[PDB]
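The chain below stands alone and is given in structure tokens; this is the form deposited in one PDB entry.
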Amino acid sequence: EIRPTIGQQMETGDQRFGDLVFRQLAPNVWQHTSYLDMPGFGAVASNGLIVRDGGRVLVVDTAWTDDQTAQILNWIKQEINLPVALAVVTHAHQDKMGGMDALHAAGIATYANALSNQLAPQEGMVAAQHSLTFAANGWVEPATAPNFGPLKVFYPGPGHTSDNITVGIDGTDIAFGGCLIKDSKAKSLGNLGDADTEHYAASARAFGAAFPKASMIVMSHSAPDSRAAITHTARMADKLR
């Protein structure tokens, strides 16, 4: 069993598939979890989402590597058996974009914040094929999110990184905060090296206000939590200013 140093442990209802873990959150929504070993530190988990929308599947975030991301696609083939229409990635760090080549090799259309695509080369990432842009209130410009179906993309402002984006799943109680939101038991906001400490708290609060009725908050490095994760994150970030 994989017992990560960062991220949730394995729980009943989880399915191991290769070195990845999959957990159903709702009839048409699953969380994907992949792991990276950090020397002297142990395993670090990263979570993303898989959404069944009619006759197609939509993915939020890659795994850490191409090989792990290919296994996401294999799991989808086995357990859902519908084509993957698109993937959205939520910022230009390895846990979210490290597997872009596996998606492109498979012919899957990929989307990221334009700024994420602009930063990807510097971050050692392969840029997505398409760029999302955002209104002043943070909501995606819909022409840049073609056929996103239930994925409702929101840019909350700079926080974890300047490019971080978030995704609500329409028709469910689920919203995905990515690496911006930490669970309510977190002791810190983690590594702040790329973070905007001035704007982080407001960005976290903006995420909460954008998806006011989501009751299950999914995040990159913790198990799903209640809305308290948002407020606790924002109050930790208040201390950075």
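Whichever C-alpha set is largest while still superposing within 1.5 Å between the two forms counts as the rigid core. Shifts are known only where both forms have a C-alpha. One-based numbering along the sequence shown.
Same protein, other form: the form deposited in another entry, not shown, and the subject of what follows.
Participant: So which one of 20, 223, 25, 10 actually moves, Cα shift of 2 Å or more between this form and the one not shown once the core is superposed?
Facilitator: Everything else stays below 2 Å; the exception is 10.
Participant: Out of closer and farther, which fits the Cα atoms of residue 64 and residue 11 in the other form compared with this form, where the change is 3 Å or more?
Facilitator: It is farther: the C-alpha separation of residue 64 and residue 11 rises by at least 3 Å in the other form.
Participant: Have a look at residue 23 and residue 7: in the other form, are their Cα atoms closer together or farther apart than in this form, given the change is 3 Å or more?
Facilitator: Residues converge in the other form, at least 3 Å closer.
Participant: Given a rigid core superposition, which stretches of at least 3 residues have all Cα atoms displaced by 2 Å or more between this form and the one not shown?
Facilitator: Residues 2-12, 39-41 form the shifted runs.
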